[PDB]
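Asks: This block holds the first chain(s) of the complex, placed as they are in the complex; more will follow:
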Amino acid sequence: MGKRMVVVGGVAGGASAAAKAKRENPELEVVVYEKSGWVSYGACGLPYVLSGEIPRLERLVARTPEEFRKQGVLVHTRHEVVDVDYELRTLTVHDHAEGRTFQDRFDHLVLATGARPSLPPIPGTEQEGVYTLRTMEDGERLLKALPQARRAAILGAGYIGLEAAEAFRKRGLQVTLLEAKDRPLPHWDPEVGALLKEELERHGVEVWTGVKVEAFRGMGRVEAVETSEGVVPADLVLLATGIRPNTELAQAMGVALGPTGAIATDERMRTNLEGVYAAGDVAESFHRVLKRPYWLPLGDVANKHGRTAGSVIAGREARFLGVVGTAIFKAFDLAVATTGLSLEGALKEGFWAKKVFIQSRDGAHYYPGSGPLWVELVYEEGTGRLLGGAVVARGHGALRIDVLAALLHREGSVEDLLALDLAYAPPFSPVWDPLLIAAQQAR
């Protein structure tokens, strides 16, 4: 028809959804209500702004509320949707401006409220040089504190967090990372974690492994971090201890949560309620190797979510077919790419799973400047089915991970990876592509 789409949250799933919806069916009244007062910005670039590589923080926005308006889309920042009157039956949508508070109705609802820092229960968190990195505001805050170094503490060695320490080190602070688990990037096989310790340490970052963080010392300021392994002086600390999906609002209106705790969806991004979709980080995506719902709070998947809901509302045929887990991030001079399951995890799932980890180059043995390039392959013993792999490079690609993800997608195997006709030339690959050498091929 010519109905009214309301998008709650407009960072990435939300923005995505609204832009595509309005493009595909211009007859729709498309409204976005955004709590944070910036909308359509890539958080994924925050470390690069902090580090100073990117001059001003506004350089992260993809579309401004102006451009949106100029394109049929009305966005309202610093608007919080407080209640939804659902089913029940759409009055729905009470929300709060600056000054006021009011009512709206919808015919289509997109929930794209995202996710918020999960905080470990530590005394002192509440204080003053303790920071989080997740929004534009966090950006501003952190960015103010940064000149005037002097010494930083990052709890958690996940992708953000490792990303963080680069940023920090580039700003001159002395940084020290505290992770609770035994390696950096604990969510993945230890080889990789190893490589990253080395590179962290190579660059001046101190890395405490297996640390229980007891509390943050300060009189409302902060200066310490007392830990089981001693006491780290620090005058800024960052919590990079994971996220959790913002589902409070969804549960108000009785939208069903899946096993992971994010909003349960179908291939159309629909929730359990007629006319209500979910998209981005408050959403479950379906994992194709695991063959079940799974949480994958990445930027690319938020965009896919959004675009499918939009498309579907706009009355196009569109379906989101699931994810396989592929991720990549940059810590210093390493580029770390994983996908699927790790061997650790392929085993939790009960496969009879072996891993292989090799180290090759990113160019012919003889070619100037050719780096190192490792690739892992996690596979099912009997069949040979791929289930996971990583590749790490210096390279602004490799990225070669994309192939694995490809093979993962349909249920490919090590035999298949072996058959592939890859690209060879002295600047970019040895004669046998790392992926190929890793295939069966060397133990």
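Replies: Perfect, thanks for sending it. Residues are numbered from 1 along each chain as shown, chains lettered A, B, ... in the order given.

Asks: which residues touch the helix ranked longest in chain A?
Replies: Identified as the longest helix of chain A according to DSSP state H is helix A:299-313. Contact with helix A:299-313 is made by A:5, A:11-21, A:24-25, A:28, A:42-44, A:108, A:110, A:112, A:265, A:267-270, A:277-281, A:283, A:285, A:317-320, A:323, as judged by Cβ atoms under 8 Å, 6 or more residues apart in numbering. No exception for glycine: its C-beta is placed from N, CA and C like everyone else's.

Asks: Same question for stretch A:49-65.
Replies: In this structure, residues lying in contact with stretch A:49-65 by Cβ under 8 Å, 6+ apart are A:15, A:19, A:38-43, A:45-46, A:48, A:75, A:77, A:133, A:136, A:139-140, A:142-143, A:146, A:164, A:166-168, A:170-171.

Asks: Also stretch A:338-358?
Replies: When contacts are defined by Cβ under 8 Å, 6+ apart, stretch A:338-358 is touched by residues A:187-189, A:191-192, A:289-290, A:324-328, A:374-382, A:386-390, A:401, A:404-405, A:408, A:434, A:437-438, A:442-443.

Asks: Just the buried ones from the contacts of helix A:299-313?
Replies: Neighbour-count burial within these applies to A:5, A:11-21, A:24-25, A:28, A:43-44, A:108, A:110, A:112, A:265, A:268-270, A:277-281, A:283, A:285, A:318, A:320, A:323; the criterion is 16 or more other Cβ atoms under 10 Å.

Asks: who touches the next helix or strand after the longest helix of chain A?
Replies: As assigned by DSSP states H and E, the chain's next helix or strand after helix A:299-313 is strand A:327-331. Taking contacts as Cβ under 8 Å, 6+ apart, the residues outside strand A:327-331 that touch it are A:159, A:162-163, A:165-166, A:196, A:199-200, A:298, A:335-339, A:399, A:401.

Asks: and chain B, same structure:
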Amino acid sequence: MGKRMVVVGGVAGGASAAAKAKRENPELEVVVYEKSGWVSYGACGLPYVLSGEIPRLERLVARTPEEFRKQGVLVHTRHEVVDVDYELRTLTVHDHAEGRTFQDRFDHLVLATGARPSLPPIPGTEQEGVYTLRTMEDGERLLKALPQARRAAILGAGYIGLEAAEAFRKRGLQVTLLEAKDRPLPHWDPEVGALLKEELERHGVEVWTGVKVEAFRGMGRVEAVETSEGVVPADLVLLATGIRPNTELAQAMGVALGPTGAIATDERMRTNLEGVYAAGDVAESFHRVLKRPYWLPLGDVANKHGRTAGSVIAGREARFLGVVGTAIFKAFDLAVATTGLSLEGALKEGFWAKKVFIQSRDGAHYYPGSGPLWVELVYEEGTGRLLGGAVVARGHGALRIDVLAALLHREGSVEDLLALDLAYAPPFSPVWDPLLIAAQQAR
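Replies: Adding chain B to the chains above:
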């Protein structure tokens, strides 16, 4: 058993076979006869040595006749097998050393004699500044001529040749490329070729298109290149006008040629004669999009051919499943990768084929130093079947082509491409990988 394997030609198909067979069954008597007096070197790197980027020419050999010996493998360079007494009945092998000339017998024969420059019929080629780039010796020659610039002409705008122009400009000569067809890289869709003219011109290479070269002017030296479009002063000229497989020896012995002119082989690399195999550039490979024999004189495929013959001979189970056409090469600040069919050629084959050519980036809009990145997609109208694609980057990878190859392998479609879970992060890719945007996705 413990028979005798004779490898004619030991550049890459051959070397690969010898090393693999002797590793896999050390019982074998493995002998490699090689005409050129260098063996196991990478021709692929020659531009890099010509350019000065790589110091000495010997930096390109992968294994020395010494390391081979030390490993059970006896190589004899400067030895040319002049006849084979086959079937007939293996006396077989007459060949020529320094001084002498003798007999040998075989149980296993690998033909890996490769390819030679295909020479166009122009008067004055026979002369003195006219050079070819294929073997190490060509290396040496060219390497000698090169200081003492002054002005070069290259005939042909293929990969080598384009690669050659980079090389020559790097050594300071003024270079001017002559192609007969209308674009550089004429063997692909015109968008790519366009991209390359701009980049070669941007770097001081003059590119003549649609040129008929009439003769090379000189009194045994060379100084000109008379062409339809006028007269190019040149004191070194390079013929980069393609190659043709070295099959003379094989025909002698009554090995069947395929429709391409290369030696016809099966999935085990066996020729039509019992006990005789072929590897590398003298070999047809099976094109999996075209479903027929095809000729793909690349080095990564020679190694595949080589390893397969060797493994089969040594008595392991091995099969060569085919290629899909994947190629990559570097020309200045561009890295150009292709695969499958071009639209031009997908149409020659009679598919109802469309193309799509998009320009994206190699990293988020906002990320420092993010380059451009183009990608094309040649697909069948109905089905959505991928048939070909290209990608061009500055990047040391993207290399992203590897994905299309992957999809090309089983008969993957644009729908499949679209489902793929690719890696995102700001330094390496926009939030939609270029592959994905290109998928259906923008016209």
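
Asks: what do you get for the contacts of stretch A:338-358 once chain B is counted?
Replies: Contacts of stretch A:338-358 from elsewhere in the structure, counted by Cβ atoms under 8 Å, 6 or more residues apart in numbering or on different chains, are A:187-189, A:191-192, A:289-290, A:324-328, A:374-382, A:386-390, A:401, A:404-405, A:408, A:434, A:437-438, A:442-443, B:421, B:423.

Asks: Output that stretch as PDB, nothing but the C-alphas.
Replies: Extracted as PDB, the C-alpha positions of stretch A:338-358 are listed here (Å, rounded to 0.1, in the frame of the first residue of the first chain):
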ATOM      1  CA  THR A 338      38.500 -15.700  10.800                       C
ATOM      2  CA  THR A 339      35.300 -17.600   9.700                       C
ATOM      3  CA  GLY A 340      33.200 -20.400  10.800                       C
ATOM      4  CA  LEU A 341      34.100 -22.400  13.800                       C
ATOM      5  CA  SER A 342      37.500 -22.600  15.500                       C
ATOM      6  CA  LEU A 343      38.700 -26.100  16.300                       C
ATOM      7  CA  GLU A 344      38.100 -25.300  19.900                       C
ATOM      8  CA  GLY A 345      34.500 -24.700  19.100                       C
ATOM      9  CA  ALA A 346      34.100 -27.300  16.300                       C
ATOM     10  CA  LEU A 347      34.900 -29.800  19.100                       C
ATOM     11  CA  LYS A 348      32.400 -28.200  21.600                       C
ATOM     12  CA  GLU A 349      29.900 -29.000  18.900                       C
ATOM     13  CA  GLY A 350      31.100 -32.500  18.800                       C
ATOM     14  CA  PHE A 351      32.600 -32.800  15.400                       C
ATOM     15  CA  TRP A 352      35.500 -35.100  15.000                       C
ATOM     16  CA  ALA A 353      37.500 -32.100  14.000                       C
ATOM     17  CA  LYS A 354      41.200 -31.600  13.200                       C
ATOM     18  CA  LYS A 355      42.900 -28.200  12.500                       C
ATOM     19  CA  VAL A 356      46.000 -27.400  10.300                       C
ATOM     20  CA  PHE A 357      48.000 -24.200  10.800                       C
ATOM     21  CA  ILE A 358      50.600 -23.200   8.200                       C
END
